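Asks: One structure coming up, written as structure tokens, with questions to follow.
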Ligand SMILES: [Mn+2]
Ligand SMILES: [Mn+2]
């Protein structure tokens, strides 16, 4: 049907931009018009530019005039958006959608009806690195959880499964946070009780952007 | 004579109220007027509303307008006080007394002359539970006391006797304190000397609101 | 909210002479207040009705005066049944506030506390708790502070002090230093200390024990 | 830059009745705006097209009104699949601003957080870092502040708080108090504290540990 | 609650030409609002009474216009006594909201901050505190962020920034990076750093000291 | 004396009106001390207890009339009890409840005095028929069963077999009407019923209204008067804790006044206090104002006059 297949999740340092492919289909192109919107995670959303595919009407937004470029490619129904002078405030998911061409032959449209799937762009100059898994997992509570910590990986994301995912109840696997040193940090919980000393439980970590895997076997130390 | 038989000691969570029965006798009713006063333990006292029994004159107090309701029942000389939107600041003894009706046919009165016996109301949402008795009782002092600890009971009160109360000199049995976890905690002392190794002494605990009894036989462990 | 202030907070006078008490107003209550006899856990019965005049079942000795800012409660023939927390209470302004508390104790010869300190039981250790309480006993007057130490380093958040009334016969006082810990915190340390401090105690009364000593 | 203001910032209503939402304009948008269904990490699909009239694949219950300053989004037959951050968005003025956020949570009985505090590993100490994180778990609603202390003296610039969505099954919430220090700062101190504070927590939930205790 | 928005938030114009200011309404106030002259710590005296017409003790140069949504405050003959936080204020809708703030500074040639960093005294160390404050001085314009570090690792929860007005004579600005620590945290570290950052500062101005260096 | 000789009949019945909660009618009026507030002046007060209201489980509806048989059984029981207390020579203080009970309250009063009059002080006429209502709620159809000029036209709705219409259309005065559905006003105009609504209340003044009301009922001949009194007929600023509040009612002053004119004829012979509902006050203060209002209304009926009430001994002694 009416879609937008976007491409694709990419990280840039502060340097060159991400020309985001925004491929259209289903609906007839240049009878409508594609725009762009940033979304930082945990934030609101800002539209940032709309072109008519009808005739090259650039029509950018405030605070980036300037920084944005947006063209058409209307052989294939794709549209594009680059950026310029990139910056760590632009750690945002970039969505494109169809505002309708505001020309003369183009039907009444106000309302963004294709929506593309998104594009994970974080403007960070850190180096792509393996994580560093730092748990423990065994003092009177009957409820004893466990988990790992995941330190210092770049970029997003990691995958955290538990006894290779077979332990599933109590699994809560967490979105990260960006360091002061521009790296990322995460963790995940599981649940046992105090009545499970024979539950050898591993976090099974995989950061595929570094293609590194840690299956951390965890053990307490000597009591008494 | 002139009295007020109240009823009755009751605890509510933050929820519904305690319509406190305040039964009058002796003096002719609706020739006078009954009021109300809270007293948190270890605190001062706040009057909180006065009705004339003559004709329904509500006349409540500040900070609870609102929260209080007060009516008459002047078939039987009782008067009543409920509350609304109850709260853990209202862990107070509620007294009713007779201010005299400030109407027109009612004698000059300023001075609260029946006083009722009180009503133990603590607004706590904890669960009614047994206590948990935690002593010891056997390092150069000739004076050796002893006692127990009473942990985690609800509501008030416990009873603490010593060798079933037969040990009586040195008995000092203590008002509790409300936990951070909304439960109650107490203890009691007794006295021996260092010259009484053959005085097997028990705290004899009974929390009748849970109807649970612990008679804790206490013994020291191995020295040298 | 006229604040009624009772100038004798505590009182300790022997069976004997006058026990004149004071209650002050922040405005002119003007002969419009009363006096009460709150025995512990009882009905705070009326003593004196309108700043004077001795209501209806009052024995003989409960005169008082006022009119109109700072009032008097005279207990002339003291009568040792009368040992109760007393309250003045203003009336003719809303809201109708009270006094603070006029604990009428017994005056006697200052008694020294008998102080020692007590461990958690093995029956407690099978339950998994620690409750190290010191037990203070037969002293006069009320005021003792008791300090605890983790083998020399002080303790709170378990420590609770709780006092009774004055005794009927020997007329003394009360405190447990009700402290609760964990079994783990219990097993890591031995020398558990209780430092009493009473007026009769010229030196602060320290009683201690090691874990696995008793 | 007409600012679109959504008067319900958050929302927590059970599977059930109407969930009427509000969005206001700083001018007269005049029946020229829409309504969206941004599920977390998804396509913010259209709910209502031009202040009314229910576009093209909308189920049954997504009426709304406006025309022309302060508009309505009614969710009459609530249908618990619809728990998403909602957005109004003005259109017919440039530049085309958005609303703020209309997080439609689940209304349930307020859950208390399970809170405890966790050290750096020796595997971390061989790497040379310190990451003392407290872990908060299964509560409702969202709002908890967690304080840290250097044996009693507070901490920041490592401290990070991060929350998930509401859970599918038990419908609860999330926080780690993600704090990072140095191994040197780790070894100089023992009693590391985590002070939670939730609405269910009448007292601020403090959980602590000494270094070299666990 | 009609929000009144002042489009010039800050203002810095020399003694000289017009200083036309803007205040916008969220509705039609329609020539029903005023203009004020809040000097620091003073009476926010009326400038312009009903969107015009210059009330009763106004000097010469305080014309303004409106009627009825986005209004003007013209200061044509600037007169450097007039350097005050200005306020528009709507009136004829309840409740009667205000503007945001229109700090009229002095326009001058951008001054560079004189920056250095200062320890706790031994007189403080006998009291047991630590207060390491950096002191920033004689700059223009206002905006400086100052970072602290625990020998290289950043600091907050003591750090406080506080600015004066613009000076009368040299017309400059102000900040202390008011930071407070503990004596224990003081003694564990030496190299205490203050990183200023002003517009005149092309590089962030770092001034430091070791403990037991001065 | 002749007046202020009271038989109290509490009647906690609800099924004529839909808002359940008026069955705490006599309970709240008694716990507000209506008995003892009578007993200062020379009130021969004899409580006869509350009437038992049995529950017909299959009280199947009529076409529009719903819960009919419970209403009819309750009003027949009350007609027997009102006839009992009027054979006791007292003034029937029948307080509920709802206006469904006023059927038997006027019926048993007519069983002793067949030529009485009805002062139906109410916001509404309550004279809908079983056929031409749109509610079918019997808290607004008591008067249609009672007028002889409506006979042969009222259906045989079950529970109402005992009902004999007993009062004449020229022997009833409405005072304080302010919301009438069209069927009731056609009945009101075709029968030639005399009425003083809030129009005519304000026109003559409440005193000239009570003057002409007593000139209409008692100006021909002295006869017993049956004040049946709703508490929504007053303005909801004074009684918001009623079943059907309509704004624009009588002031509380004038309600007390209407009761005092009925007293100073010396011909009060039957009293109804209906539609008191403590469950509908948004605050208990609203309930407190409503119940103190209705209590003092009942006081000023039996001669707690606002001028004064006395016992005939010298008080300078
Ligand atoms: Mn009505
Ligand atoms: Mn009616």
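All of the numbers you see were taken from the coordinates with simple rules; none came from a lab. All Cβ positions, even for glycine, are placed from backbone atoms using ideal geometry, and neighbour counts span all protein chains on display.
Asks: So, in the stretch F:89-101, exactly how many residues are farther than 11 Å from residue F:271 by Cβ and either within 16 Å of ligand 1 (Cβ to nearest atom) or assigned to a strand (DSSP E or B) (or both)? Working first, answer last.
Replies: Of the residues in the stretch F:89-101, the ones farther than 11 Å from residue F:271 by Cβ are F:89, F:96-101.
This time we only want the ones that are either within 16 Å of ligand 1 (Cβ to nearest atom) or assigned to a strand (DSSP E or B) (or both), so: F:96-101.
Within the stretch F:89-101, residues that are farther than 11 Å from residue F:271 by Cβ and either within 16 Å of ligand 1 (Cβ to nearest atom) or assigned to a strand (DSSP E or B) (or both) number 6.
Let's see how each residue does on (1) out of contact with any helix residue (DSSP H, G or I) (no Cβ under 8 Å at 6 or more places or on another chain); (2) farther than 22 Å from residue A:146 by Cα; (3) facing another protein chain (nearest Cβ under 10 Å):
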| site | (1), (2), (3) |
| --- | --- |
| D:137 | yes, no, yes |
| D:141 | yes, yes, no |
| D:145 | yes, yes, no |
| D:149 | yes, yes, no |
| D:155 | yes, yes, yes |
| D:165 | yes, no, yes |
| D:171 | yes, no, no |
| D:183 | no, yes, no |
| D:211 | no, no, no |
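Asks: Pick out the one residue from C:40, C:8, C:15 that is within 11 Å of chain B (Cβ to nearest Cβ), under 22 Å from residue C:108 (Cβ atoms) and in a loop (DSSP other than H, G, I, E, B). Steps first, please.
Replies: Numbers: C:8 fails: within 11 Å of chain B (Cβ to nearest Cβ); C:15 fails: within 11 Å of chain B (Cβ to nearest Cβ).
On inspection, the qualifying residue turns out to be C:40.
Asks: Quick check: anything in the stretch F:208-219 in contact with a helix residue (DSSP H, G or I) (Cβ under 7 Å, 6 or more places away or on another chain) and closer than 26 Å to residue F:74 by Cα?
Replies: Checked the stretch F:208-219: no residue is in contact with a helix residue (DSSP H, G or I) (Cβ under 7 Å, 6 or more places away or on another chain) and closer than 26 Å to residue F:74 by Cα.
Asks: Turning to a different aspect of this structure: Keeping to the stretch B:7-59, report how many residues are part of a loop (DSSP other than H, G, I, E, B) and over 26 Å from residue B:104 (Cα atoms). Reasoning before the result, please.
Replies: Taking the stretch B:7-59 and keeping what is part of a loop (DSSP other than H, G, I, E, B), we get B:8-11, B:13-20, B:26-33, B:40-44, B:51, B:53-56, B:58-59.
Among the residues that remain, those that are also over 26 Å from residue B:104 (Cα atoms) are: B:8-11, B:13-20, B:40-44.
Looking only at that region, the number is 17.
Asks: Next question, about the same structure. Consider only pairs whose beta carbons are under 9 Å apart and that are at least six residues apart or on different chains; among these, list those whose first residue lies in the stretch F:127-141 and is closer than 12 Å to residue F:66 by Cα and within 14 Å of chain B (Cβ to nearest Cβ) and whose second residue is part of a loop (DSSP other than H, G, I, E, B) and more than 10 Å from ligand 2 (Cβ to nearest atom).
Replies: As it stands, the answer is none, since no pair meets every condition given.
Asks: Also: With respect to residue D:48, determine if the residue is touching a helix residue (DSSP H, G or I) at 6+ places or on another chain (Cβ under 8 Å) and buried (at least 17 other Cβ atoms within 10 Å of the Cβ). Step through it out loud before you land on a result.
Replies: On the way: touching a helix residue (DSSP H, G or I) at 6+ places or on another chain (Cβ under 8 Å): no; buried (at least 17 other Cβ atoms within 10 Å of the Cβ): yes.
Here the answer is no, as residue D:48 does not meet what is asked.
Asks: Restricting attention to helices (runs of 4 or more DSSP H) lying wholly within the stretch F:165-253, give those where 1 or more residues are within 16 Å of ligand 1 (Cβ to nearest atom).
Replies: Values: elements: F:182-190, F:198-204, F:206-217.
Fully inside the stretch F:165-253 and qualifying: F:182-190, F:198-204.
Asks: Another question about this same structure. Only residues that are within 16 Å of ligand 2 (Cβ to nearest atom) and in contact with a strand residue (DSSP E or B) (Cβ under 7 Å, 6 or more places away or on another chain): list them for the stretch F:84-100, please.
Replies: First, the residues of the stretch F:84-100 that are within 16 Å of ligand 2 (Cβ to nearest atom): F:94-100.
The answer is F:94, F:95, F:96, F:97, F:98, F:99.
Asks: Can you name every residue in the stretch F:102-145 that is within 11 Å of ligand 2 (Cβ to nearest atom), on the phi < 0 side of the Ramachandran plot and touching a helix residue (DSSP H, G or I) at 6+ places or on another chain (Cβ under 7 Å)?
Replies: F:120, F:121, F:125, F:127, F:128, F:138, F:139, F:140, F:142
Asks: Hey, among F:225, F:273, which residue is more than 16 Å from ligand 2 (Cβ to nearest atom) and either under 21 Å from residue F:126 (Cα atoms) or buried (at least 24 other Cβ atoms within 10 Å of the Cβ) (or both)?
Replies: Result: F:225 is the single residue among F:225, F:273 that is more than 16 Å from ligand 2 (Cβ to nearest atom) and either under 21 Å from residue F:126 (Cα atoms) or buried (at least 24 other Cβ atoms within 10 Å of the Cβ) (or both).
Asks: Another question, then. Counting only residues that are over 12 Å from residue C:8 (Cα atoms) and crowded, with 18+ Cβ neighbours inside 10 Å, how many does the stretch C:72-94 have?
Replies: First, the residues of the stretch C:72-94 that are over 12 Å from residue C:8 (Cα atoms): C:74-84, C:89-94.
Those still in the list that are crowded, with 18+ Cβ neighbours inside 10 Å too: C:75, C:78, C:82-84, C:89-91.
The number of residues fulfilling the criteria is 8.
Asks: Follow-up question, since we're still on this one. If residue F:294 satisfies every condition in (1) within 16 Å of ligand 1 (Cβ to nearest atom); (2) in contact with a helix residue (DSSP H, G or I) (Cβ under 8 Å, 6 or more places away or on another chain); (3) away from chain B (no Cβ under 14 Å) but one, which is the exception?
Replies: Among (1) within 16 Å of ligand 1 (Cβ to nearest atom); (2) in contact with a helix residue (DSSP H, G or I) (Cβ under 8 Å, 6 or more places away or on another chain); (3) away from chain B (no Cβ under 14 Å), the lone unmet condition for residue F:294 is (3).
This table checks each residue for (1) touching a strand residue (DSSP E or B) at 6+ places or on another chain (Cβ under 7 Å); (2) more than 8 Å from every other protein chain (Cβ to nearest Cβ).
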{"residue": "B:111", "(1), (2)": "yes, no"}
{"residue": "B:126", "(1), (2)": "yes, yes"}
{"residue": "B:144", "(1), (2)": "yes, no"}
{"residue": "B:166", "(1), (2)": "no, yes"}
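Asks: How many residues, within the stretch E:142-179, are surrounded by 14 or more Cβ atoms within 10 Å (Cβ to Cβ), in contact with a strand residue (DSSP E or B) (Cβ under 7 Å, 6 or more places away or on another chain) and assigned to a loop (DSSP other than H, G, I, E, B)?
Replies: Residues that pass the stated criteria total 9.
Asks: So which residues in the stretch C:51-92 are outside any strand (DSSP E or B) and within 25 Å of the chain's Cα centre (by Cα), if there are any at all? Break it down stepwise before answering.
Replies: Residues of the stretch C:51-92 that are outside any strand (DSSP E or B), as a first pass: C:51-63, C:66-69, C:74-84, C:91-92.
Within the stretch C:51-92, C:62, C:74, C:75, C:76, C:77, C:78, C:79, C:80, C:81, C:82, C:83, C:84 qualify.
Asks: Name every residue in the stretch F:1-19 that is farther than 18 Å from residue F:75 by Cα, more than 16 Å from ligand 1 (Cβ to nearest atom), in contact with a helix residue (DSSP H, G or I) (Cβ under 9 Å, 6 or more places away or on another chain) and assigned to a loop (DSSP other than H, G, I, E, B), in order of residue number.
Replies: From the stretch F:1-19, those farther than 18 Å from residue F:75 by Cα are F:1-6, F:19; that's our starting set.
Going one step further and asking which of them are more than 16 Å from ligand 1 (Cβ to nearest atom), we end up with F:1-6.
So of that shortlist, the ones also in contact with a helix residue (DSSP H, G or I) (Cβ under 9 Å, 6 or more places away or on another chain) come out as F:3-4, F:6.
The answer is F:3, F:4.
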